[PDB]
Structures are given as C-alpha cells and as structure tokens.
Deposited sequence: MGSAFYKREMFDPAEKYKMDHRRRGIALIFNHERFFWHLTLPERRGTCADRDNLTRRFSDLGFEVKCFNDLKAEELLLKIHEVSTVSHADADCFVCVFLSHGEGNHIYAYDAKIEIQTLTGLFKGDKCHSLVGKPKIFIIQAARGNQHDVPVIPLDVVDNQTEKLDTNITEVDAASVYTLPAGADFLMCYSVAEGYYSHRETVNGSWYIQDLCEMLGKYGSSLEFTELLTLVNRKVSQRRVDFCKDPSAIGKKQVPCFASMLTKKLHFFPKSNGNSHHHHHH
C-alpha cells in the first residue's frame, strides 16, 4: 500500500560512513589560492556527523589518484549493515570538476562509484554529497568566491547539496570557516537528530541567504549575496533519529 509519508529504513547496525575530503593548499602549477578556514569546517563537520552516529573519516590534501583510490575503496566495501552514506568535499571547483591537490576530478565519476550497479549494498539507501567548492580567486577575513560548480543531481536516492548557486557567491571566514558549512553544522547540531533532512537543508538555505552583504569589511564584497541549493533525487523521507 502506497504510503505518502514513507521513510528510509534507518534501522541498521551502523549509521554509516561519512567521508570528508579537505583541501587547504594546491600544487603551485594549478595557481590556486589557499583556503584558510577550511580546517574549522572539517572539525565542525566531524563533530556534527559523529554526533549523528556516522563513522567519520577525513583526508587532507590528497592527490587526485590517492583520492580516487580511497573513494573507490570505500565504494567496494559492504554497506549492508549501514543506513546511508555521506561524502563531503571541501575545495575549489569548476563546472563539473572539483580540485584535488594536483588536478581536478569529475564529480560524476565520484558519484557514479555509488550508483546501484557499482555498489549493491547502498541500493535504496540515501547517498548524500555535500559540496563546498567555488572559483578560487587568482585575524578573521571573509573571502568571497564566485559560484563555478554546476549544481547537478546524481541518480536515484542521491542528495546533492551545494554551498552556492550560479550567479551567487560563496563566503569563507579565515577563522570561523565557510558561511555554508557553519550554518549547516549549526542546524545539524540543533535539529539534525529530529528534523527531516531536506527540511533542515531548507533552513540552511534561509540562514545563508539572510547573511547580510550590505556592509563589508572589504568594500569589494558588498552586495555579493550567497544562496545555497540542493538537488534531490531521494524517494523517501530522511531522518537521523538517535539509534
């Protein structure tokens, strides 16, 4: 019988794995600026997801090959005992690509590793990608980057979450971290274990979009609004109730 309020079964032994790929520096040949404040983001995300029951694993400044290797490895182990899978990318990006330390990687090749055919044990389970990546511009300072990464979906039961949409600007405080991640972690901390996750993501939309850009320490950044977005191909309601 069709249930209008059906929920993903979050009954399994483990919540699941949460991967964080953190990129603060890039090979000089790429000519990309450092991302000060990204370590605050990584730490913030680690605490939130960990409190949600996730097994969190972080990797700092991996080369492209090492990154592919690691995520392929994760995609080929069994997730039969897990509720879901989370993957977070903290870097710069361009169009369909995100930057590793030495080269860029296609987002689709990363998400494709978890598509039903390649990862049977995640079939029918939420696969959540959180992407903080924009165009690298070539005390607590706020750095403003233009949106650059296409806010695309990824397949059934995938949820793709983006820090910023085309036409808007991503912000990152060198001490406090990224606007998007801060607001995301805040909402996770307060409401993560009760609220339906796309409703929580909507709160993050509101929170970030309301951050005022009329008076900036840097007059260059005045009026450069930030609005996030998410592209959902989930098929059920997603909650992270305490296990």
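S.K.: Comparing the deposited sequence against the modelled residues, what ranges come up empty for C-alpha?
M.R.: Going by the record, the segments left unmodelled (no C-alpha atoms) fall at 1-9, 148-166, 272-282.
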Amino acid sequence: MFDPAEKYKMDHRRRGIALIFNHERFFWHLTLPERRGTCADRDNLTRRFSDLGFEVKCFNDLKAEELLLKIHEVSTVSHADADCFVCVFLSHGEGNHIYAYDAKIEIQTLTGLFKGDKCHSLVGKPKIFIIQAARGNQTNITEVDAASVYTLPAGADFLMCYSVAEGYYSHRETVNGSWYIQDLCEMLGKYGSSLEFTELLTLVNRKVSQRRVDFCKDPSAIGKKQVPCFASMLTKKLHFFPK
From here on, numbers count along this sequence of modelled residues.
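S.K.: At least a third of the other compared entries leaving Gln138 unmodelled, is that the case?
M.R.: Yes, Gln138 lacks coordinates in at least a third of the other entries compared.
S.K.: 161-169 versus 118-126: which one carries the higher mean Cα B factor per the record?
M.R.: According to the PDB entry, the answer is 118-126.
S.K.: What stretch has the higher average Cα B-factor here, 150-158 or 128-136?
M.R.: Per the PDB record, 150-158.
S.K.: Highest recorded C-alpha temperature factor, please, choosing from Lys63, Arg35, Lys217, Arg206.
M.R.: Largest recorded C-alpha B-factor: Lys217.
S.K.: So among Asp183, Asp51, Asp41, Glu196, who wins on Cα B-factor in the entry?
M.R.: When the deposited C-alpha B-factors of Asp183, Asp51, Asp41, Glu196 are compared, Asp51 is largest.
S.K.: Can you work out whether the C-alpha temperature factor of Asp145 puts it in the lowest, middle or highest third of the chain?
M.R.: Middle third.
S.K.: Split into thirds by Cα B-factor across the chain's modelled residues, where does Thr31 land: lowest, middle or highest?
M.R.: CA B-factor rank for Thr31: highest third.
S.K.: Going by the recorded CA B-factors, say which third of the chain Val74 sits in, lowest, middle or highest.
M.R.: Highest third.
S.K.: Among the chain's modelled residues, which third holds the C-alpha B-factor of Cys58?
M.R.: It falls in the middle third of the chain.
S.K.: Within this chain, which third does the Cα B-factor at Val213 fall in: lowest, middle or highest?
M.R.: Highest third of the chain for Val213's C-alpha B-factor.
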